[PDB]
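This report concerns only the one structure given below.
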Amino acid sequence: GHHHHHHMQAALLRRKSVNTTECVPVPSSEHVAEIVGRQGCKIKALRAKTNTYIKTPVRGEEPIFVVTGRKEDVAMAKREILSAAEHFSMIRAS
RNA sequence: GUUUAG
């Protein structure tokens, strides 16, 4: 709800425990789809696991996630997104 | 043996 959004922005403004925001590109919206999962189940699990705010890109726009949180947490979420994107490329590529 | 949540 709005409480979560407001508190998230307040945490960014303190720049204590949340201190990093990074763009994480993947090759295509099809990659985005498989990384996010149905109903966003996989990207929501990733946010929970890494304690990160993640913005999923809209289909048809640039397939680039934005990941925000503690530096080491953003690095873990970025690692998992990029590894997932490479996974789907390796197993789907013709 | 995966295919877009707020």
Side-chain angles (χ1 to χ4, degrees):
Chain A
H2 79 275
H3 296 290
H4 302 255
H5 174 93
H6 173 253
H7 190 220
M8 199 221 62
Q9 298 199 141
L12 276 48
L13 286 172
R14 305 177 68 258
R15 202 221 72 96
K16 242 71 158 61
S17 42
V18 176
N19 56 16
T20 305
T21 181
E22 183 159 2
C23 296
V24 187
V26 299
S28 77
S29 300
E30 181 165 16
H31 287 81
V32 178
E34 298 208 77
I35 290 170
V36 166
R38 281 175 192 163
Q39 317 310 314
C41 58
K42 298 180 181 180
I43 202 67
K44 287 165 64 164
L46 185 59
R47 288 180 73 186
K49 173 184 178 180
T50 58
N51 195 28
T52 51
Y53 170 91
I54 297 174
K55 178 70 175 59
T56 299
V58 176
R59 203 187 273 284
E61 300 190 7
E62 270 206 274
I64 301 180
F65 293 86
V66 186
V67 179
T68 302
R70 200 181 291 257
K71 173 178 173 173
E72 54 264 45
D73 291 337
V74 174
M76 181 179 310
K78 171 179 179 190
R79 223 138 52 214
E80 295 214 18
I81 290 166
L82 292 179
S83 178
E86 194 173 279
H87 173 69
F88 288 112
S89 291
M90 292 299 300
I91 69 165
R92 305 249 184 251
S94 56

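Here is the naming used below: chain letters follow the sequence lines, and residue numbers restart at 1 for every chain.
- Other residues, nucleotides and ligands place more than 12 heavy atoms under 6.0 Å from the CD atom of A:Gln9.
- A continuous path of ILVMFWY side-chain contacts below 4.5 Å connects A:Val26 to A:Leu46, so both sit in one hydrophobic cluster.
- Every pair passing salt bridge (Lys or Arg N to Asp or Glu O under 4.0 Å) that includes a residue from residues 7-33 of chain A is listed here, sequence neighbours excluded: A:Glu22-A:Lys78.
- With sequence neighbours left out, the salt bridge (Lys or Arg N to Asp or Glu O under 4.0 Å) criterion links A:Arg92 to A:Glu34.
- Separation of atoms CD1 (A:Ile54) and CD1 (A:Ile35) is listed at 10.5 Å; rounding is to 0.5 Å.
- Within a heavy-atom distance below 4.0 Å of RNA chain B, the residues of residues 46-59 of chain A found are A:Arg47, A:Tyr53, A:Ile54, A:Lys55, A:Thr56, A:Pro57, A:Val58, A:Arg59.
- Evaluation of the side chain to side chain donor-acceptor pair (under 3.5 Å) rule for A:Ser29 yields no partner, not counting sequence neighbours.
- Using a 4.0 Å cutoff on non-hydrogen atoms, the parts of residues 26-35 of chain A near RNA chain B are A:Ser29, A:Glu30, A:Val32, A:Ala33, A:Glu34, ordered by number.
- Under a 4.5 Å side-chain heavy-atom criterion applied to ILVMFWY residues, the cluster that includes A:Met76 comprises that residue alone.
- Summarising the geometry, atom NE2 belonging to A:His31 is positioned 13.0 Å from atom CD1 belonging to A:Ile81; distances are rounded to the nearest 0.5 Å.
- Within residues 65-74 of chain A, no residue has any heavy atom closer than 4.0 Å to RNA chain B.
- Residues of residues 84-94 of chain A that place a heavy atom closer than 4.0 Å to RNA chain B, in numerical order, are A:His87, A:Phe88, A:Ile91, A:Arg92.
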Identify each donor-acceptor pair in which a side-chain atom of residues 57-74 of chain A lies under 3.5 Å from a protein atom, sequence neighbours left out, and give them as a table.
unit_1	atom_1	unit_2	atom_2	d
A:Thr68	OG1	A:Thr21	OG1	3.0

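- Chain A approaches RNA chain B within less than 4.0 angstrom (heavy atoms of the protein), and the contacting nucleotides run 5' to 3' from B:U2 to B:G6.
- Interatomic distance, CG of A:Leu13 versus CE of A:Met8, reported as 9.0 Å (0.5 Å rounding).
- Listed by chain and number, the residues in a salt bridge (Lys or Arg N to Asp or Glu O under 4.0 Å) with A:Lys42 amount to none (sequence neighbours excluded).
- Under the 4.5 Å side-chain contact rule for hydrophobic residues, A:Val24 and A:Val32 share a cluster.
- For A:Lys49, the salt bridge (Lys or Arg N to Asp or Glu O under 4.0 Å) partners two or more places apart in sequence, or in a different chain, are A:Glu80.
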